[PDB]
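Engineer: below: the sequence, then the experimentally determined structure.
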Amino acid sequence: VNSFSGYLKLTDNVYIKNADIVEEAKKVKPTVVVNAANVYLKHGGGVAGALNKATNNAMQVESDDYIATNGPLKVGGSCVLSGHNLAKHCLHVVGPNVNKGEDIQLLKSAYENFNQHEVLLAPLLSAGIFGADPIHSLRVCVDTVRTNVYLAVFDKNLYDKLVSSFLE
Ligand SMILES: CCNC(=O)Nc1cccc2c1[nH]c1ncnc(NN3C(=O)CCC3(C)C)c12
């Protein structure tokens, strides 16, 4: 029921909290939780592994059936699947993996998917093993997303770096 609490407002429509997205989803009951997916929807580590584990692997089973129909997602693309016990829906979004030579401009396309949903609980995209600059990723989010986004950033050092970038 979108019961967000304890977020710091960064812009008109972007909020941030130093929190685990899994625990946030369980307490907030969001309409949409965003997954930092790969193109095969193989949820083996990071946010993706944690979300899948919290669904007792139901997310992975569903993801495999979607991929059977779709083939791989495109970088910058997404799909809407069930949110299982975490949310009404999970929006699986593929940001570019710059560590693997993919183009950082597809981070714009990745965040543009958020505009198809009124309110989202989301992680930072193209971070972790994807290797993009995290301050840049937050800037792309702020400049691209116009619906309401609640960013959960679990790593304290990264959270602090991000919030510093909005200091007046
Ligand atoms: C109940 C058990 N919960 C868990 O294992 N959760 C869990 C595991 C691993 C990773 C995350 C996580 N939860 C998160 N929430 C938000 N961002 C996350 N990852 N990131 C950061 O922290 C900075 C940027 C990015 C790399 C995306 C994670």
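Structural biologist: Received it, and whenever you're ready, just let me know what you need. Numbers count the residues shown, from 1 in each chain.
Engineer: the chain against the ligand: which residues are in contact?
Structural biologist: 20-22, 36, 46-47, 50, 123-124, 127-128, 152-155, 158 (Cβ under 6 Å from any ligand atom). Where you see a C-beta, it was placed from the backbone N, CA and C, and this is true even at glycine.
Engineer: in ChimeraX, how would I select just the buried ones from these?
Structural biologist: To isolate the buried members of the residues of the chain next to the ligand in ChimeraX, using 16 or more other Cβ atoms under 10 Å:
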select :20,21,22,36,46,47,50,123,124,127,128,152,153,154,158
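Engineer: now, the residues of the chain next to the ligand that are in helices?
Structural biologist: In helices, defined here by DSSP state H, the members of the residues of the chain next to the ligand are 21, 22, 46, 47, 50, 158.
Engineer: and the strands in this protein?
Structural biologist: Ranges of strands within the chain are 8-9, 14-17, 32-36, 78-82, 89-93, 119-122, 148-152, based on DSSP state E.
Engineer: show me the contact partners of the shortest one.
Structural biologist: Residues external to strand 8-9 that are found in contact with it (Cβ atoms under 8 Å, 6 or more residues apart in numbering): 15, 16, 17, 163.
Engineer: neighbours around the second one, how many?
Structural biologist: Neighbourhood size, residue 16 [other Cβ atoms under 10 Å]: 22.
Engineer: for the longest helix along the chain, C-alpha coordinates in CSV please.
Structural biologist: Counting by DSSP H, the longest helix found in the chain is helix 58-70. Presented in CSV, the C-alpha positions along helix 58-70 are these (Å, rounded to 0.1, in the frame of the first residue of the first chain):
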residue,chain,number,x,y,z
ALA,A,58,8.9,-18.1,-7.3
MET,A,59,10.3,-15.1,-9.2
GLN,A,60,12.9,-17.2,-10.9
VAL,A,61,10.4,-19.8,-12.1
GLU,A,62,8.1,-17.1,-13.5
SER,A,63,11.1,-15.3,-15.1
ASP,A,64,12.1,-18.5,-16.9
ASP,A,65,8.7,-18.8,-18.4
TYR,A,66,8.7,-15.2,-19.6
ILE,A,67,12.1,-15.7,-21.1
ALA,A,68,10.9,-18.8,-22.9
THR,A,69,8.4,-16.6,-24.7
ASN,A,70,10.5,-13.5,-25.1
